[PDB]
Structures are given as C-alpha cells and as structure tokens.
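Structure first, commentary second.
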RNA sequence: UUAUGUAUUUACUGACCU
RNA sequence: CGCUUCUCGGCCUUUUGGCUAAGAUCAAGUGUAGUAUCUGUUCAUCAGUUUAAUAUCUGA
Ligand SMILES: [Zn+2]
Ligand SMILES: [Zn+2]
Ligand SMILES: [Zn+2]
C-alpha cells in the first residue's frame, strides 16, 4: 500500500566509460556510467586493482557522456547529456569528494525524445565548443570559454538544424586552433518516404557532413558533405594540428575508411575476418569500440570488432597527406561497450554483459612477428587478409571487476542450510554466462591451516618492534599451554623463546620498543631481550582476572575491580600506582584504546560490570580513578571495545545478545548509542586492522565486521562459520589478516573484497539461462539455456568436420591435410574468443541440472538445432503418485523478427532418482510456443500463446483437459494462488482467471485497464499482484473488495472483462525488472519485495508500518527534491513518473542522499523537519537495518 | 455538479478548477478523483466558444501529467480517425498536445496495430521475450 | 498572454540572457500569467535581447525591473522548455487605446 | 416541433486595459 | 313544497392611518477580445459541388 524503494547492490553494468585527469593531477581516472548511476574509478597503478572513489545517482538515463579539456587546462570536465533537456558540465572536486555541477543549460523538453538533442555528443578536441545532437532534425553547438577567474563559461546555443535528417554518430574533428569542425554520418529520407516504389529508399546512402563553427561570425555552417559507398556506423577522431593528419576514420561493415576532405583520396581497408571461423553464412563485421591512444611519439587506435578481436590501427603517412592505413590483430578480450586505454599503459575494457576487466599492456606497438597487412596493397577477392586468433600475448589480466548484469532470473532461497537466505542468480549473455550465488558476508579466504588440539581459548598477535611486519611470534592459550608459535614457515610448537615466560599464559602485547608484557597467573612479564620479569600481582591472594592492555599504558584487574595500572618507565622498567579503588567486584570486561601522540597517559578507561552497568573513567593523573560519565545496559556486556575509524571514539560495547556503537568524545562524552543485534551466544569484540585503518570484529552465532568505509559503518557479516575468537595478523605469507580461532584448528584468513555487500561465486554456463526452478526435495537447480544465433555443439562438430572436408577437397594435390586435422583438434575457448553465431533463426538450447552447492553439471540434456527452450517447471502430478516431473516448453523455427513460429513442443521428463539425472518420458506437440508452464492442483497449466490449456499426463503425450481462447495477444506468465490464475499478457496486463472444480472451465473475471508490457510478476496477497514491465516500471494491481469470483459462462465493459482491477502503485526504476520475489532477507527482519533488474542492480520495496513513518519520509524526500536536485537536471518526481505517474512509493535512494550533503543543508532540512541530522540519519538507516542489509 | 450543469460558464470555470487541482495533487496518489472528473470534462471537447475550449484544453493538458499519458491516450483513441472532420481535428489537436507534452511516455502506451498486405505495423522488438 | 489571444510568442532558441519584467507586471508568470509559485527563470533569445532591447520587459516592452519567472504549473508541464517567451507583436490593445 | 439567415437588445466570459 | 326577514359559518380591496410646499429633494461611464440568449425574421426531379450523413449551384 505505502512502499519505500531501497537499492541494496546498485547497478554494475557499464554503458559509457571515459578517462582523463578529472582529479586535476598527473594521474588519470575513469568515469563510467552505469546508466542511472555515474561513478568515478581510480586505476591504482602499483597494485593494479580498481577502486571506486564516488558513485552518485543522477536519476536520469545518461544518454551520452564525454570528457573535455579546456584550452591550456589541467583538469578535465565531465559533460553529461541525458533524458532531461539539459546539457550539464561536471567537475570532480576531490576535496569535498563530490561532482560539482558547473553549468546546466536547458534546450528542449525532457524524456528520451526523438527531436531534442542528447543522444549524440561531440566535443572539439582543443576544448572550445561542444555539440549535442539528436537522432533527428536538430543539433546544438555551445561555445565554451574561460573568464578571468579561471572559470568556465558557456555561450548561447548555436543552431545547426536540418530537417528530415537522421544522425548515426557525431564526432569532434581536430583542427589545431582553427574553426572547430564536427563530423557526422547523416541521411536524408524525405525522398525515401515520398516514393512508394520502394527502390528510392534502397539507394539513399549516408553522407559524411562537416559543420564548421565561424567563431568570427557566430553560427554553424555545413562546410562539406560527401556521400558514402557503404553505411558507416561510427567515427573515430584522428589527432591533428601538429600531432597528426587531422581527419576522421569511418568504421563500417567489413571496412575502415580514412576520408579527410580537401585532398586525401579515400583510403579503404577491408576488415580482417578470422581464418575459417564458423559464423558466416552471409554476415558482415563491424567495430564496436575505438580507444584512441597518443603515446607522444605516434598515435594508434585499439579498435575492436564485434567478436572481441582488438586491432592496432596505425596511420602511416609519408606526406602531410595520408598515404595508407594499416592494422593487425592486437589481442582478444570479451566484447566491450567502451575502452579507455590509459597513459601509464593500462587498458580498461567494460564488457556490457558480465565482468569488466583491467589489463596491463605488456607489448605495445607489437611490430615484430605478426602478419600485418595494410590498405593499399593490391589484394582482391573480398577480404583475403585473415588472421589466426590466439591467446594473450600483448595484454596480461590484472583486475576482474565484478558485475551481475544481466540478472535474467533470480531466487531467494536457503538451499545451503545457512541461517540467512541466499540469492541464486542467472547472469551473463552467451558463453560467458554464469549462475551466481550471493550471500551477505565478506570474502573470508583461508591461506594457511593448522590443527591446534585440545580446545584453545584465545590467541594474540605481537611483533618484535612497532616498526616491522613479520610479527615475530603468535601466542595461543586455553588454561595451561602458552604455545607461542613462530609465525612463518614450519609453524609448530615452540620451546622457551626469546620472549617466552611461563606456560599458563593469559595475555601478551608489545609495550616498549621491544619490551613485551605477557600476563599469566603470576602475571607481570616485561621481556625485551633478557626476560626482565617482575611478577608481583599479589595483594595477598588474587592473581587471575581481566587483562586490558594498550601500547603505552596498562590497566589490569584482580577479583575486585578498579585497580592497578602497572605502567613502565620511558627510559627503564615497570612501576605502578598504589592508588586503588578496589570496587566491589562486578567485572565481566574491560577495554581501552591508545592514541598515536601522547607523552602522557593518553587513553580512556572503559570497564564492564557484572551488574547491568558499564563505566568510563578517565585516568589522567589529575582526575585519576574518578568516574566520568554513567551508563545503561539491559543484561550483561561480556565485551567492550574502543576504536577510531575515520580519516567520536566509537564506543562498542556488545551485550550477550546485541551490540551498540556510542560516539564518546574525549573531554565531553555525548554517547549517542547506535543499536543493532548480533542462539544468541555472548558476543566478543576484537580490534583488527584492514586496508589501512582498524575496525571491530564482533563475534557471535555468526561473525560481524564493523568497518568505516568512507564514514558509513558497514556492519557486514562474514561468510565463514562461528569462530569464537579473533585477533589481527600480519606476515609476508599474507600481508594483513585475522587469526581467529578458539575451536580445534587454526586459520590464517584474508578479507579481500572489502568495499562491497555481496559475495559473488560463479558457476559457468554454456548459453543464456532463461529461468530455472528448484527441486524442493534434495535441493537442485534445473536450468534451461537458450540462445538465438547459436549452434548446438552437434552442429559445431558437424560444421568443423565439413570445414575439414572442403579444406582437404579444395585442390589438395600439390596438399596440406595437416590444416584440417589441426583445425579439428584445436578447440578455442568460446568464453574467451566469442561463440560462433549461427546466421539467423538458429537456436541452441540445453537443460542442466546443477548442484547449488558445488556448482557442477549434475545432468546435461541437449536439444535439437532450432528447438529452443523457453519455460520450465518441476511438478508432481495428482493422477500418478509421488514421482517428480519436469516440463520444458520448446519452440521450433521461431524466427524472431518478423515473428513466425513453426509450432512448439512440450518435453516431459521424469527426474529420477534423487533428481540427479533426467529420463525422457514423452514429447507432445503444440501449435504455438509454450512460454509458460505452471503446476496447479496436481496438473499443469500451459500458456500456448493466446491459449491457456490445462493438461494432464498420458503415457503417449500430454492430454488437455480445458482450454481458453479469450485471453489476448500472447501469454508470458502464469502464476496461481490456488483456485485463481494470473495470466500475464505480453502486452496488455494481468488477467484473473477462475478454475472450477465441478466444471473444468477457465473463466476470465477481471483484468486491468492499463497496457503494461509485463515481463514478470509475483503474488503478494490473495488479491494483489505485483508486476514489472519491459520499460522499467513496477505496478501493483489490487483487486477491488467485491470482485466476486462466481461467474459462469458477451459484452465486456471496455472491450475486456467486467470487474476492472485497479492499481495501487506505479514506480519507475530505469531498468527492466526481471525478477520480483516476496521474501525476508534477514531472520529477525521482515518481508520486503525484492526486485533484481536487468542492469545488475538489486533493490527492495518495503512497506511502511505506521503513518508517522510514511509522513516523515515523505516530507524528507519532499525536502530533498528541493534542496538536493539530481545531477542531470532530470526532475526526480518526473523521473519516477516517467511512463505512469508515481503512486504511494517513496524513493529512498533520494532519501539516503541526506547523508551526502554538506551539514549546512543537513541542518536546514533537519530543523525544517524539527529533528537533528544524526537523529535523521538514525531514523533513515533504521529502515535498511530492519528490512534488509 | 458544476460540469454536469447546463450553462457553459460553469463548465469553463469548473474546467479551470480541474486543471489547477490536477497540477496540485500530482504525485500524491489521487488519480482516481481526477479520472472521475475526466469523464465529465471530456464531453466538453466539442464546445466552440473560445474561452471554454481553451479552458477544457488547458484542463486536459494539465490532466496529462496527473493521471498519465496512458489514460489520456486511451481517451484520444477511436476518435482520431472518426468520419466527421469536426470531431477528427479536435481529437488530433488533443493528441498533438499529448504528443508534444510527453512523446516518450507514449511508447509503452500505443495500441497494437496488426499488419496489412504490404506494410509491417507490428513493433516486433517489444513483443519477443527472454 | 492568455488574455489577449492574438499575441504571438517569439519561440526561438533560449540563450543565456535572463528575462526581465516591467514594474507594472512584476510577479506575473509569462505563460500561465499568474502571481504565485515562481520556480524557473526566463531565458530569452539573442535576437530578442540585442542592444536597445536589453533589460526590457518580456510582456509590455517597458523598462524591466525584476527577473521573470515561470510558475510551478508552467514548470512541471515543461512549458519552459519550448522557445523564448518574448511576446513579439503589439496587437489590438494598447494601440487603439493610444489612439483613444 | 428541433433549425436557418439576420435586424436586435439583454446577460456573461478573459485577475483584458491608462 | 314555496316566499320574505333575522342570526351563526364556508369568504373574493383592507398598506403603517391624518395634514402641509405632489412635504422636500436625488438618480453620470469608458475602451478591447470573445460567447450565450430573447425579440424581429423567413424558409420542383435530376446530375455533379459539398457534408459524418444532411442542406447552394446547375439541369427539364
Ligand atoms: Zn504560469
Ligand atoms: Zn526571442
Ligand atoms: Zn509588463
């Protein structure tokens, strides 16, 4: 009814990517666009990884994105053209860590229109003008300059209107301090639409057109206009002026062409196809990426064909005129949307589906071995310059950046018997596809193992000095063993080391330079090179409880309480204070923390008491043993910690069930206890160090790391088991880490991926996985894989054998039948080199039963050549007994544009024995592609496509029992609540259908008024149906309160059904939601609708409890639409009301940017709300804490 | 009652009220009341007094953003091609106000138009599925 | 305006020049022509802001005082993302009244 | 009894207007 | 049974009272763009024009 959007793991697929000196330094940065998201990435050169520095939601679609450098400038400004009618120029302020909007100019109505510009964006390479252009009729030129405050200024938009004109691409022609020119591939179509003969629109070739901006006359003129003997798709800038032969390369199907006007003859170079790659009946070959590079001696282009074959295009010019162009097979990577080759020799590829990559360029130039050919060599008979594909020679993989796009189908399931559920995801397009399992924890990777017998209680990590890294010893105790192991190789039980004292030990630390304190029954040790121990700890009797150590200062207790300090001398040995309080006993824990300065005491004391109380005491010599501020806790703490995590001392108690996080400042203590929960065994809080700073590993039933990642306090769990203890770790075996065991073994751990939320683990697949089901007995995934333009591998083997046949038949007298055999037995990895593409209308498809634990192909069933799967359901029939069945809807000869199926099939399988294999049962035919299978009342329901049929098992084939024919255009989804059917039309909407028991009828009794183009759906109540569409929205259609089902069966109401259902939310997401599921992501949490979109993102829709929460967050985001406008200028209410108007949904991704404004804005909003900004941030993260991650 | 009333000045003033109310409740989930009142605004489309025709046409282009371009396109259809030019041109200028008002949001909202002999009218790309 | 139906707008591309309103018409919106909720500045083309025509009223053509604005109801209808709203012709009012 | 063309008042609209 | 008179009710001028010097005086709106409504007013068979269909022209 009243919902709330939150993104959990925001979108990861990259559409545009640009590079440059956005920070303003010598090093370069990538700015990518995730479509709705705009992100800055730093390619950290020494370690090679990729770190995100900023990610904002622009709330638009970034239709185009391009960086430009102002003339005589250091920093590059980002330039964004979007669905708003706005050009917007951004500057990355590194100090405040945000994108400062420099300018924002309006030029037309909004939304992804045809006439208003924003689709194509070109900039002058010197940085003096910028052209933003539409796909039809109108173009705009802004003139950029700088005024005397070194500040950017924008003229009024110049106009370059040209009626009836398509634009395929636009680009900045480099002219060195000349009038700026822009080149574009146009096409005039008015004679193409006036002549009904059809041939006039068949000989209407493109035109390369050059627009020259007369800065003296302040207007734009068509300078040159030259036709093209093929259709080019996009252009590449050639640098010029003094650097090169100023012009534009033109990529096209099977050609690359240098054109430049005036005097250059048009240079054609046919694109090298592969040797005998088996994807061409008749298909051409285009480029998809440009990736220019200017290596300060020459310039080259890392172009890329549509399979992934990167080419090194180099212009070699003898005159000032061009002479001939030439290229060669550089390398092969997965197919990219955009490339940014980097000075310092990196190559970033952004695969549009699957993972992105960062490569180090190993052998640039590559002018040594390879058979390179050229343009102007007299080669005839088509292409005739081939190349043999090969593995990597020029690049080495450095970083694999992760992405879930495209999430094609998803399940929330708890198959691995863990407490929290898991996300079972289908992902990827093609041979790079993968099933991916996602958990909430962190990447806990074990590097070494030991097997510590008995039952150890605790472990401590200590070094020789404060300056080293080897961490010379590691001590492990339970009651009586000290076992202070050597840390490195041959890790095994120790004799009396240079730091060892006695056997029954209880703590250690480095106190002095090399002076250690180790604590045991007769506690005090002080050992640097000589075992200079002074073991008093006898106030008569008591000798064991509650160590609490820092680096300079100590406070330990005995049975009793507030007691001895036992410090040292800054030039010498230990001493004490004899001022005691002795504190009627009440102690469970103590903890402290020490500051990097301090020629004084320079810490704070926190003690936890057996009674429902903790206590902080400052033990500075003035005001010593005197309590400072008080407490409150419900049951018992059992743990305490003090930490500092930013770039406010973050008091982390923990109680035996829940944990807190206060904000103790050093003179004054304004606590402000953040709360969260952790069976419920007592938690234990251990300060460890990750990434450069420190954090608390608080441990319970499952472990929880609480680290401050850009001041956000990610309290994320760990993927391992319960471990009962933790301590830090450093060695050269693994640089940082955590040694963390009190149970029967020993693990050295690493927390590698540390920024993110989910743990990806991938199980690779052959094709695009449409959807999968879950065998609920003995949990196993049953996946259908299906790809248009793809061979099933029987045809791969037959096509390879046929290739070998004509290679040994085509004039082999003179010979090499070595070529055919070597071709047959050298199989290239299709995940690496791209799958072959089987013309048109071919359809590879398999069916895979897979373990969701290890991810192995427990069963594989191919299909035939054009027989493509589309829908799968496991079920258990009623007329037969317990035994499972698998129903697979298959189509045949589908061809998908223009749509002409040749009728489908439904295969029936048995899924014996435990579900590990899959026996054929029978093959029923059906006259249209059965795209929806749904078990219902011991039978199945099949949407044939306009036809809904009940079915039942026969031993020969499936047997229909009912049929309906009044459901409209095409079925794509069938879901049932029991006695009701929800039929998702592919175009109109949800159609309620009643199934009767006495009869067998299928009576439509309700539909919806809107056309929707529904892609997937999910049931929420007995009445409501939440669905999502192709365009991006999410609707929730609740039936009216009457809608009586009892309708027995000529007019309709509005050419449809009679009880028109009605809509209780509409919301825009910007991505196509493919999986909606009602579930509960955290035990102890609550239900929340989980949508997984197509561009990798994962979000939730969350109901509100009460009207005070609804009204509060409504006024929050209603203030944020005012104070904090989106980046593109796209109005947030009119982005969320893109197709249908928004209804009863509060965009919490605008709300969670309350924590991203400067505190002037935060104080304005919070006092306008009559709260405080920490109170609002508490109230705002309560909802994400409660329902989700 | 005002839009139901005989006098046309009542209908032009109630149409102005429908406009300002339509823009004041936008994005708040009050698309049922406006879809009620649209059923009374919409027969005033054929009035040729200039003040009342500009008042109802401002009310329609103010109801466009409130209840959606889908609902306004549903009311425009089966009358863009109507045999009388008197109804045809008025529904074409209502359609032009919708088309320039929100051109992209109409893409989901167009009907399905089947193929004739020579031409292909089915936008096939929306129709196929994963 | 909406009152005088024969007044025609300029409707060319809106530049960077901010529109101005006379002292007699301060607070008027330019399209819906009301007084409340001003939300968006007026950008007028360079031909309708040249030389003698600078700082001149959008509607009256009198000497401007304050900046011009659109309503919220013109803004959310995106009647500001069309051309420049500089009323060009003076027709059939304040002409015969001058002759009277 | 719908209805026209006009001579023709009377009412009414647009925050119309020095 | 009829006729005249008397009394009660069903009821069709009732305005504040009369007199002065009818006691005495008074009572301004424009211009512009558009509509609605009264009053006045009038309303032989093809062919193509035109219109959603209907109703001018020409034809015998
Ligand atoms: Zn307005
Ligand atoms: Zn103008
Ligand atoms: Zn004015």
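Chain A is numbered as in Swiss-Prot; shown residues: 1-647, 662-692, 695-830, 834-1068, 1078-1217, in order.
Backbone N, Cα and C atoms are what each Cβ position is placed from, and that goes for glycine too.
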Per Swiss-Prot, the range holding region 'Interaction with SF3B1', considering A:1006-1027, A:1028-1049, A:1125-1146: A:1028-1049
Segment assigned the feature region 'Interaction with PHF5A, SF3B1 and SF3B5' in Swiss-Prot (from A:90-104, A:105-119, A:120-134, A:240-254): A:105-119
Swiss-Prot annotation (region 'Interaction with SF3B1 and SF3B5') - matching range among A:37-75, A:193-231: A:193-231
In Swiss-Prot, the member of A:732, A:1200 to which phosphothreonine is assigned: A:1200
The annotated region 'Interaction with PHF5A, SF3B1 and SF3B5' range in Swiss-Prot, which must be one of A:1-24, A:145-168: A:145-168
Of A:1100-1123, A:1148-1171, A:1172-1195, the range Swiss-Prot labels region 'Interaction with SF3B5': A:1100-1123
Contact ranking winner - A:105-119, A:145-168, A:193-231, A:786-804, A:1100-1123 against the region 'Interaction with SF3B1' (A:1028-1049), Cβ under 8 Å: A:1100-1123
Integer Cα-Cα distance in angstrom, residue A:429 (site 'Interaction with SF3B5') to residue A:1200 (phosphothreonine): 48
Residues among the recorded positions A:156, A:352, A:916, A:988, A:1200 that border ligand 1 - Cβ under 6 angstroms, in sequence order: none
Structural state census, the region 'Interaction with SF3B1' (A:1028-1049) (DSSP three-state): 0 helix, 11 strand, 11 coil
List of the recorded sites A:306, A:429, A:916, A:988 facing chain B, defined by a Cβ pair under 8 Å: A:916, A:988
Cα separation, residue A:916 (site 'Interaction with SF3B5') to residue A:988 (site 'Interaction with SF3B1') (Å, whole number): 17
Beyond the flanks of the region 'Interaction with PHF5A, SF3B1 and SF3B5' (A:145-168) by at least 6 residues, Cβ under 8 Å: 70-71, 73, 77, 89, 102-103, 105, 107, 119-120, 128, 131, 133-139, 184-190, 206, 211, 213, 218-220, 222, 232-234
Residue A:156 (phosphoserine) and residue A:306 (site 'Interaction with SF3B5'), Cα-Cα, nearest whole angstrom: 39
Of the recorded positions listed as A:156, A:352, A:916, A:1171, A:1200, the one whose CA lies nearest the CA of residue A:284 (site 'Interaction with SF3B5'): A:916
Cα distance (Å, whole number) from residue A:916 (site 'Interaction with SF3B5') to residue A:352 (site 'Interaction with SF3B5'): 23
Interface-proximal recorded positions, chain C, C-beta separation under 8 A, candidates A:156, A:988, A:1200: A:156
Residue counts (helix, strand, coil, in that order) that DSSP gives for the region 'Interaction with SF3B5' (A:1100-1123): 0 helix, 13 strand, 11 coil
